[PDB]
Amino acid sequence: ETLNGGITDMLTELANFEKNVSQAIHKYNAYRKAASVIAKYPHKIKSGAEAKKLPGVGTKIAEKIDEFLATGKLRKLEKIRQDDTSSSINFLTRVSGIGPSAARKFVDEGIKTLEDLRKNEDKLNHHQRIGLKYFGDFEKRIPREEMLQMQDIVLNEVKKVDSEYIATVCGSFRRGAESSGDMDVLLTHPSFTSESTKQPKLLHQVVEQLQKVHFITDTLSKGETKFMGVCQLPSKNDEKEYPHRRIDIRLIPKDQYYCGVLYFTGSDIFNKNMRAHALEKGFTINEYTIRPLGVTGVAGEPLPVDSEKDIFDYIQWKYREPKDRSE
DNA sequence: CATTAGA
DNA sequence: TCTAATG
Ligand code: NA
Ligand code: NA
């Protein structure tokens with residue numbers, strides 16, 4: 001956690017590189033597992049050999065470990081950090097909609113900069129066009145102060161269309177958090193669950209609403225169960241217009257809400273820990289349900305959940321407020 | 001690890 | 001269809 005830090009850190013650096021710049025999933029996979037193990041290792045790695053003893057720890061990585069242990073650096077590291085082609089990839093990749101594939105392709109063509117980006121908007125798909133379009137706004141955190149206003153808003157329409165709709169803004173936001181990256185709205189309806197063959201309009205209705213009043217400005221992706229968009233707080237009695245924010249709303253089978261809700265709310269560690277627990281308590285949890293465990297090794301049978309509580313109860317735990325769902 | 005675009 | 005990108 002700190003005794004192994006650099007090693008791991010250099011390692012992930014390395015790893016991450018092969019993966020995006022090059023296309024060496026393998027090596028990329030090497031660094032990672034090695035990075036994973038040294039990470040665990042209960043003592044100060046004093047040399048490559050020492051390290052080497054490890055699982056997934058090769059001779060190549062031992063080597064890098066020594067140079068790094070000896071000199072507070074790595075050449076390949078330095079060489080990479082410098083590398084413009086590499087540097088460029090790392091960067092394009094910031095635009096919502098650009099990934100390693102497209103990033104490398106763009107370089108090869110020569111778009112290494114944001115401007116290049118613009119000159120070449122034709123060479124960009126709608127997602128990417130907006131990614132670039134709200135680039136600034138997109139990299140900006142969301143003050144809870146604004147979250148609250150947004151929330152207030154969605155909840156109002158959600159309701160206005162059909163009073164049946166159940167909406168929850170999950171995420172850190174929910175967990176009390178001061179700021180947030182984007183707003184995640186968990187959505188379900190009673191007339192929709194596991195079986196009842198969809199109802200696409202179910203999502204479509206609210207999107208249309210939201211857009212109706214201008215909270216939604218754009219559509220990244222809109223499918224029958226997941227809408228990826230862009231919203232914005234009405235820029236008041238001008239002077240201060242609001243940044244364009246990422247927004248996601250997913251339709252859900254009422255029968256699997258709180259599981260989902262439980263989950264999306266996290267934290268990533270809370271979940272695990274919670275998950276790790278249900279297992280002892282003779283269970284299994286996952287993004288949609290919770291099933292009793294049968295000693296045959298495994299077992300099915302989705303228990304019925306009416307709220308975050310049921311789930312707790314089941315695994316017989318202390319209801320932990322979203323606030324303390326930290327770990 | 002599942003959902004959407006797109007080509 | 002497969003393959004990318006997002007979460
Ligand atoms: Na990106
Ligand atoms: Na393949």
# chains A, B, ... in the order shown; residues from 1 in each chain; ligands from 1
>>> residues_near_ligand(ligand="ligand 1", cutoff="12 Å", atoms="only C-alpha atoms (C1' of nucleotides) and all ligand atoms", output="PyMOL selection string")
(chain A and resi 20+89-103+127-132+135+138-139) or (chain C and resi 4-7)
>>> interface_residues(of="chain B", to="chain A", cutoff="10 Å", atoms="only C-alpha atoms (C1' of nucleotides)", output="ChimeraX atom specification")
/B:3-6
>>> write_last_selection(atoms="N, CA and C atoms (P, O5', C5', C4', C3', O3' and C1' of nucleotides)", output="CSV table (one decimal), in the first residue's frame")
chain,number,residue,atom,x,y,z
B,3,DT,P,-27.8,-5.8,-21.3
B,3,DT,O5',-27.9,-4.3,-21.8
B,3,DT,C5',-27.9,-3.1,-21.0
B,3,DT,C4',-27.2,-2.0,-21.9
B,3,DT,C3',-27.9,-1.8,-23.2
B,3,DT,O3',-28.6,-0.6,-23.4
B,3,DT,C1',-25.5,-2.0,-23.5
B,4,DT,P,-29.5,-0.4,-24.7
B,4,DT,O5',-28.7,0.5,-25.7
B,4,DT,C5',-28.0,1.7,-25.4
B,4,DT,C4',-26.9,1.9,-26.5
B,4,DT,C3',-27.4,2.0,-28.0
B,4,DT,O3',-27.2,3.4,-28.4
B,4,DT,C1',-25.2,1.1,-27.7
B,5,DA,P,-27.7,3.8,-29.9
B,5,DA,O5',-26.4,3.8,-30.8
B,5,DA,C5',-25.3,4.6,-30.3
B,5,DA,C4',-24.1,4.7,-31.2
B,5,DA,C3',-24.3,4.9,-32.7
B,5,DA,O3',-23.6,6.0,-33.1
B,5,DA,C1',-23.1,2.9,-32.2
B,6,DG,P,-23.5,6.5,-34.7
B,6,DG,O5',-22.6,5.3,-35.3
B,6,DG,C5',-21.3,5.5,-35.6
B,6,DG,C4',-20.7,4.3,-36.3
B,6,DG,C3',-21.5,4.1,-37.6
B,6,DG,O3',-20.6,3.8,-38.7
B,6,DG,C1',-21.4,2.2,-36.3
>>> residues_around(residues="residue A:291", least_positions_apart="6", cutoff="9 Å", atoms="only C-alpha atoms (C1' of nucleotides)", output="MDAnalysis selection string")
chainID A and resid 282:285 299:303
>>> closest_residue(among="A:315, A:298, A:247, A:278", to="chain C", atoms="only C-alpha atoms (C1' of nucleotides)")
A:247
>>> select_by_dssp(residues="stretch 191-262 of chain A", states="strand (DSSP E)", output="list in words")
residues 216, 217, 218, 219, 220, 221, 222, 226, 227, 228, 229, 230, 231, 245, 246, 247, 248, 249, 250, 251, 252 and 253 of chain A
>>> write_last_selection(atoms="N, CA and C atoms", output="short mmCIF file (atom, residue, chain, number, x, y, z; two decimals), in the first residue's frame")
data_model
loop_
_atom_site.label_atom_id
_atom_site.label_comp_id
_atom_site.auth_asym_id
_atom_site.auth_seq_id
_atom_site.Cartn_x
_atom_site.Cartn_y
_atom_site.Cartn_z
N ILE A 216 -32.17 18.39 -20.86
CA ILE A 216 -31.35 17.54 -21.68
C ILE A 216 -31.04 18.27 -22.90
N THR A 217 -29.76 18.36 -23.23
CA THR A 217 -29.46 19.12 -24.41
C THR A 217 -29.06 18.32 -25.56
N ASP A 218 -28.46 17.22 -25.14
CA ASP A 218 -27.97 16.27 -26.09
C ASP A 218 -28.10 14.84 -25.64
N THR A 219 -28.05 14.06 -26.72
CA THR A 219 -28.09 12.62 -26.71
C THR A 219 -26.75 11.95 -27.21
N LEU A 220 -26.06 11.26 -26.28
CA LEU A 220 -24.84 10.58 -26.59
C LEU A 220 -25.27 9.24 -27.18
N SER A 221 -26.15 8.64 -26.38
CA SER A 221 -26.71 7.34 -26.70
C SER A 221 -28.05 7.08 -26.01
N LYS A 222 -28.98 6.74 -26.83
CA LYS A 222 -30.26 6.44 -26.30
C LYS A 222 -30.74 5.14 -26.91
N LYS A 226 -31.13 2.25 -21.60
CA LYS A 226 -30.05 3.14 -21.20
C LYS A 226 -29.90 4.32 -22.16
N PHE A 227 -29.99 5.49 -21.57
CA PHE A 227 -29.87 6.75 -22.26
C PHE A 227 -28.60 7.38 -21.71
N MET A 228 -27.73 7.88 -22.61
CA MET A 228 -26.46 8.54 -22.27
C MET A 228 -26.54 9.96 -22.74
N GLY A 229 -26.65 10.89 -21.81
CA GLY A 229 -26.73 12.23 -22.37
C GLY A 229 -25.97 13.39 -21.74
N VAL A 230 -26.57 14.55 -22.05
CA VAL A 230 -26.04 15.82 -21.58
C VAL A 230 -27.15 16.75 -21.09
N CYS A 231 -26.91 17.18 -19.89
CA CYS A 231 -27.84 18.07 -19.33
C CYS A 231 -27.20 19.41 -18.90
N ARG A 245 -23.23 18.97 -18.28
CA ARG A 245 -22.91 17.77 -17.53
C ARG A 245 -23.37 16.44 -18.09
N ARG A 246 -22.55 15.47 -17.84
CA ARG A 246 -22.84 14.11 -18.25
C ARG A 246 -23.98 13.55 -17.46
N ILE A 247 -24.85 12.92 -18.20
CA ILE A 247 -25.96 12.32 -17.53
C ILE A 247 -26.41 10.99 -18.11
N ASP A 248 -26.65 10.07 -17.16
CA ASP A 248 -27.10 8.73 -17.46
C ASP A 248 -28.31 8.30 -16.64
N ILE A 249 -29.29 7.78 -17.37
CA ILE A 249 -30.54 7.27 -16.83
C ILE A 249 -30.81 5.94 -17.50
N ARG A 250 -30.96 4.94 -16.65
CA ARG A 250 -31.24 3.54 -16.95
C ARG A 250 -32.60 3.07 -16.42
N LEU A 251 -33.36 2.36 -17.30
CA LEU A 251 -34.67 1.84 -16.95
C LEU A 251 -34.46 0.53 -16.20
N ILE A 252 -35.27 0.19 -15.20
CA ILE A 252 -35.01 -1.06 -14.51
C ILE A 252 -36.25 -1.84 -14.17
N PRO A 253 -36.03 -3.13 -14.08
CA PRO A 253 -37.10 -4.00 -13.73
C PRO A 253 -37.28 -3.79 -12.26
#
>>> select_by_dssp(residues="stretch 87-163 of chain A", states="helix (DSSP H, G or I)", output="PyMOL selection string")
chain A and resi 87-92+100-109+114-119+121-123+126-133+135-139+144-161
>>> atom_distance(atom1="atom CA of residue A:270", atom2="atom CA of residue A:8")
23.9 Å
>>> atom_distance(atom1="atom CA of residue A:145", atom2="atom CA of residue A:327")
24.4 Å
>>> atom_distance(atom1="atom CA of residue A:155", atom2="atom CA of residue A:167")
6.8 Å
>>> decode(residues="chain B", atoms="N, CA and C atoms (P, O5', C5', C4', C3', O3' and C1' of nucleotides)", output="CSV table (one decimal), in the first residue's frame")
chain,number,residue,atom,x,y,z
B,1,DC,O5',-18.7,-7.3,-14.8
B,1,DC,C5',-19.2,-8.6,-15.3
B,1,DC,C4',-20.5,-8.4,-16.1
B,1,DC,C3',-20.8,-9.4,-17.2
B,1,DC,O3',-22.2,-9.3,-17.5
B,1,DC,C1',-19.9,-7.4,-18.1
B,2,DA,P,-23.0,-9.6,-18.9
B,2,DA,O5',-23.6,-8.1,-19.2
B,2,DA,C5',-24.1,-7.4,-18.1
B,2,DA,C4',-24.8,-6.2,-18.7
B,2,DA,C3',-25.6,-6.6,-19.9
B,2,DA,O3',-26.8,-5.7,-20.0
B,2,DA,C1',-23.8,-5.2,-20.6
B,3,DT,P,-27.8,-5.8,-21.3
B,3,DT,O5',-27.9,-4.3,-21.8
B,3,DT,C5',-27.9,-3.1,-21.0
B,3,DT,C4',-27.2,-2.0,-21.9
B,3,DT,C3',-27.9,-1.8,-23.2
B,3,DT,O3',-28.6,-0.6,-23.4
B,3,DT,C1',-25.5,-2.0,-23.5
B,4,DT,P,-29.5,-0.4,-24.7
B,4,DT,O5',-28.7,0.5,-25.7
B,4,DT,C5',-28.0,1.7,-25.4
B,4,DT,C4',-26.9,1.9,-26.5
B,4,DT,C3',-27.4,2.0,-28.0
B,4,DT,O3',-27.2,3.4,-28.4
B,4,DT,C1',-25.2,1.1,-27.7
B,5,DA,P,-27.7,3.8,-29.9
B,5,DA,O5',-26.4,3.8,-30.8
B,5,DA,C5',-25.3,4.6,-30.3
B,5,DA,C4',-24.1,4.7,-31.2
B,5,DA,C3',-24.3,4.9,-32.7
B,5,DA,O3',-23.6,6.0,-33.1
B,5,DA,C1',-23.1,2.9,-32.2
B,6,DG,P,-23.5,6.5,-34.7
B,6,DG,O5',-22.6,5.3,-35.3
B,6,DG,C5',-21.3,5.5,-35.6
B,6,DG,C4',-20.7,4.3,-36.3
B,6,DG,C3',-21.5,4.1,-37.6
B,6,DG,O3',-20.6,3.8,-38.7
B,6,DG,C1',-21.4,2.2,-36.3
B,7,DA,P,-19.8,4.9,-39.6
B,7,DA,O5',-18.4,4.2,-39.8
B,7,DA,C5',-17.9,3.1,-39.0
B,7,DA,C4',-17.9,1.8,-39.9
B,7,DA,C3',-18.4,2.2,-41.3
B,7,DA,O3',-17.4,1.9,-42.3
B,7,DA,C1',-19.6,0.4,-40.4
